[PDB]
Structure formats: structure tokens, C-alpha cells
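K.L.:
Below you'll find the structure I mean.
Number of protein chains: 2
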Amino acid sequence: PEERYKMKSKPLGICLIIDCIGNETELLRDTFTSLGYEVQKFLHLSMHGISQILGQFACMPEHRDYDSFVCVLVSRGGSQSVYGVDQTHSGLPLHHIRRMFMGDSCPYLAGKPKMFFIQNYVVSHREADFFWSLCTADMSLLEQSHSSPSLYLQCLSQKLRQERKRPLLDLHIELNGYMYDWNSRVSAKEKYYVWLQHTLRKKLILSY
Amino acid sequence: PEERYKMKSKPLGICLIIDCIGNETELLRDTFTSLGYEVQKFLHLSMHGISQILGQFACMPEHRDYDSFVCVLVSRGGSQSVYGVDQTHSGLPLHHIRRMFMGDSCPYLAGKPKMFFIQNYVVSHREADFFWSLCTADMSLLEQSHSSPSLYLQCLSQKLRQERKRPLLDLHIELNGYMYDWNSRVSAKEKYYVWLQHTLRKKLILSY
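As they're listed, the protein sequences go chains A and A'. A prime marks a further copy of an entry chain.
Note that the first sequence covers residues 240 to 363, 396 to 479 in the authors' numbering.
Note that the second sequence covers residues 240 to 363, 396 to 479 in the authors' numbering.
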């Protein structure tokens, strides 16, 4: 009875990683490579560079042969937007990003789980099958150490790599609990806020 | 290892039902009574009546002895607000509702799952442990038949009553799929849009 997203293709799908800060530390490259994804990572992209690359990945016909898609984005930004490496106050809207992968603009992934994991650093029907995890943290953390991976990326890597058989949603609940516990022990500026929004229609497990 | 919210008290908690339309049809009263909740239902409340009652339920000291809280609200409203039976265009903000049950204003439910299931009809740290399911539907459905329960309430009742051992989140995923399938077969005005937002930190199952 219980429906589950088909997850059998080899690779499971493409995992697009855009790290505009430099602290992703291969954590998710290694994690998703280990889960069976084909990872392509890019560094030092401006907003225009981000759109160029996102546009190209949304158009690949090889998605047709894959069961899912993963996108990891690490960037400075505002609420609901990313700046890439640009010094700006009007960033690339996040909704414009997910918009590029909706069924109409991206037929090849129609009916397939499209997962977005975003680490943002800020200054203090066609929409079914999307998984959108957004972590916001204070920009001061980058001034202190821009090469140190956020706890969100570390925890995400740990959970997916160590418990790939549990549903993604259940792992994310534990990540929620993990971030809440961290937040309760540190100063305001060291905290991580995690927002999750999804339109999944079936149980999603990143493995066979 | 896997954490799960404590669910053993008798009753599991209070289930507050506010039906300002008249179509709840005892579906959730029966469902939650069957799961072990003490149900209290109110009808024909204005925005002021809704706040009066919500305020009283947020203050009950008996929550101290319960493991959770459930609130079902059925009302005409705007986006993110409910009018109760008032003819108005500025309703009671939904965020003002959840605000009344946060840890600071509601210590007795601190660390406990607070579940809100809302059916709205519209014209075309302190925040951990909240589960917020909001269904929006077109007001024209009430003109046609204000006593007919929405499919959202019917499906919710069916899932919880027939599969009380599965986590609430997994049931809600199936409800998502159920609503998407319904939406794909009918006209715009008969559709139901479901928005889910939560801050759960552990697996939530409404039974022992």
C-alpha cells in the first residue's frame, strides 16, 4: 500500500553543488557521491553565473533516465535570495530558482523528487515533488571563518551518509532537533535557523 | 536511537474544534475521540469569540498532565487569517493564533506537540514542536453546499482513524498525494490547496 518514490536508476540522479563561499568542504559532494549521485560542483559564481548554470542543469535531457535531482547551494544572500559572489542587496530570488525546475519548465524531472539544500548567510500541480530545505545563518560567521562548514551542512552529510535507509523527511526531523539543541547552547550569532517546505506525495528514501 | 514524542497520557490531550461553517460533520470529533483525545467543539464564533476560546484553552493547567494538543479550525477567511462568522476583510491572523500556544505564553505545552489542522475558505526555540496543516479552498464551495465536509477534512479523518500507528507526517504526505490527484480531475473552483509547515523535533505518532 504505502507509496514510495522510485529510486533505482544509476546514477540516482545528478547532484548540482554551487558553493559560492568555499566552506562546503566536499561534505555533500562525498555524501551524495556515496548515495549514488553524479556530482558536479561549481565555485565562485555571481548571480548571473548561478542562473546560467541552473538553466543548463534544468535542460539536461539525461534527467529523463534518472529518478531524482539534488541541488546544494551555499551562498551569502538576503531572506529568500542569494547573491553568489556579488556585492548586492537585490539577489537572485529563491522562488525563481525552484521555478526553473517545475514540471512545465523541466519536463524531464516531472513526477520526480527535486531536492534543494540551501545554506544562506544573511545580515542580521507543477509544484509537486519538491523538497526545499533552507538554512539561514548570520553573516558574521563568515567574517570569523569563511572556510569552516556550517553545522547544517555537517549534520546533513552525517545523517544522509550514516542512515541512507531512513526517509529523508525523518532525517530532517532529527536534523531539526540537532539544530535546536545547538541553538540553545550558543550566542545569537552562532545560531542556525532551518526552514523546511515540501510537496512530496510519496515516501522519499535516498537509496534502494 | 530514533527519538519519538511521548504519547501515553489519558487522554492524549485536549482536541479543540472550532467549526464556524457547520460542515465539520463530527469527522474529526469522532477521529480524535477515537485516538484518545478529549474533544471540545464550538460553533458560530466571531473573531472575538475565537480569540476568547483560544485564550482560554492556551491557559488550561490540565495541559500539564497531557502529552499533546490538537486544534481544528474550519472557517471562512483570507490568506493567513480567519473571519469566524464575521463579515470582514481583516481577519484574525493565523500567526496570532499559533503565537498564543508558544512555550512562553503556554508553558504547560512546552516541549509538547501542538497540532493545528485548518480548513479555510477564501475568495479567489519557543516555536519548536508545532505542526501546522492549512487547507485553503474556494469560497464558492460554501455557496453551493456549506454543510458538505471538505475532502481535506474527510481524508484527514480517514487516515488518522485507519492508520493511527503511522507517523502523522507520513499520513500527511499521503493526504498531499490524495489532494493532488483530486485536483487534477476537477475544475479550478473545486480544488483544495494544502500547505504544511512544522517544527517537529521527533517522530510524531498519535497513539502508543
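Just so you know, even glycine gets a beta-carbon here, dropped at the ideal spot from N, CA and C.
(1) CB-CB under 7 Å to A'/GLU241, same chain, minus the five flanking residues each way: which ones, in chain order?
(2) Going by DSSP in three states, A'/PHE340 sits in which element: helix, strand or coil?
(3) Span of the beta strand (DSSP E) holding A/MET299?
(4) Starting from A'/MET354, trace the beta strand (DSSP E) in both directions and tell me its first and last residue.
(5) If you follow the alpha helix (DSSP H) that A/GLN425 is in, where does it begin and where does it stop?
(6) Checking contacts by CB at 8 Å: is A'/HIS283 closer than that to chain A?
(7) Could you check where the alpha helix (DSSP H) with A'/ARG456 kicks off and where it finishes?
(8) What are the residues in the segment 443-455 of chain A lying within 8 Å of chain A' by C-beta distance?
(9) So the alpha helix (DSSP H) A'/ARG397 belongs to, where does it begin and stop?
(10) Applying the criterion that 16 or more other CB atoms from any shown protein chain within 10 Å of the CB defines a buried residue, is A/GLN326 buried or exposed?
(11) With a cut-off of 8 Å on the beta carbons, I'd call A'/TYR244 and A'/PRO352 a contact; round off their distance for me.
(12) Mind checking the segment 242-254 of chain A against chain A' and listing, in chain order, the residues whose C-beta falls within less than 9 Å of any C-beta there?
(13) Check this for me: beta carbons of A/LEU274 and A/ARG435, under 8 Å apart or not?
(14) If you draw a straight line from the alpha carbon of A/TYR451 to that of A/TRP466, how long is it in whole angstroms?
(15) A'/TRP403: which of A'/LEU477, A'/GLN319, A'/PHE356 sits nearest, CA to CA?
(16) DSSP has A/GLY252 in a bridge; who is on the other side?
(17) What whole-angstrom Cβ distance do A'/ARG337 and A/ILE444 have, given they're in contact under 8 Å?
(18) Measure the C-alpha to C-alpha separation of A/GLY252 and A/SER478 and round it to an integer number of angstroms.
(19) Run through the DSSP bridge pairs and tell me what A'/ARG268 is partnered with.
(20) Using beta-carbon positions only, say whether A'/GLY294 and A'/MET341 come within less than 8 Å of one another.
(21) Name the DSSP beta bridge partners of A'/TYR464, please?
(22) Counting only beta-carbon separations shorter than 8 Å, does A/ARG432 have a partner in chain A'?
(23) Give the C-beta separation of A/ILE257 and A/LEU312 to the nearest angstrom, bearing in mind that I take them to be a contact with Cβ-Cβ under 8 Å.
(24) Mind listing the chain C neighbours of A'/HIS396? Cutoff is C-beta to C-beta under 9 Å, in chain order.
(25) Compare the C-beta of A'/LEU471 with all C-beta atoms of chain A and state if any pair is closer than 8 Å.
(26) So if DSSP puts A'/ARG243 in a beta bridge, which residue, or which two residues, is it bridged to?
(27) Report buried or exposed for A/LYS430, applying the criterion of at least 16 other Cβ atoms within 10 angstroms of its Cβ.
(28) Name the chain A' residues whose beta carbon is nearer than 7 Å to that of A/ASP441?
(29) Residues in the same chain with beta-carbon distance under 7 Å from A/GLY350, minus the five sequence neighbours each way, listed in chain order, please.
(30) Nearest by alpha-carbon distance to A'/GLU301: which of A'/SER458, A'/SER416, A'/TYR276, A'/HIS335 is it?
(31) Would you say the beta carbon of A/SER458 comes nearer than 7 Å to a heavy atom of the ligand ADP?
(32) Can you give me the Cβ contacts of A/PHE271 inside the same chain, cut-off strictly under 7 Å, excluding the 5 residues immediately before and after it?
(33) Indicate whether A'/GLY330 and A'/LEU284 have their beta-carbon atoms separated by less than 8 Å.
(34) What does a CB cutoff of less than 6 Å around A/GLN319 pick up in its chain, not counting 5 residues either side in sequence?
P.N.:
Taking the structure as given:
(1) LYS474
(2) coil
(3) That residue, A/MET299, is in no beta strand (DSSP E); it is neither H nor E in DSSP.
(4) 353-361
(5) 422-433
(6) no
(7) 439-456
(8) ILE444, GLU445, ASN447, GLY448, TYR451, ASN454, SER455
(9) Here A'/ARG397 belongs to no alpha helix (DSSP H), and DSSP marks it neither H nor E.
(10) exposed
(11) 5 Å
(12) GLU242
(13) yes
(14) 12 Å
(15) A'/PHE356
(16) A/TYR276, A/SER307
(17) That pair is no contact at about 19 Å.
(18) 11 Å
(19) Per DSSP, none; premise fails for A'/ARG268.
(20) no
(21) A'/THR407
(22) no
(23) 5 Å
(24) The displayed structure is made up of protein chains A and A', and chain C is not among them.
(25) yes
(26) A'/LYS474
(27) buried
(28) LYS474
(29) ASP400
(30) A'/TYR276
(31) With respect to small molecules bound, the structure shown includes none, and the ligand ADP cannot be examined in it.
(32) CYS254, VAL278, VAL309
(33) no
(34) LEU333
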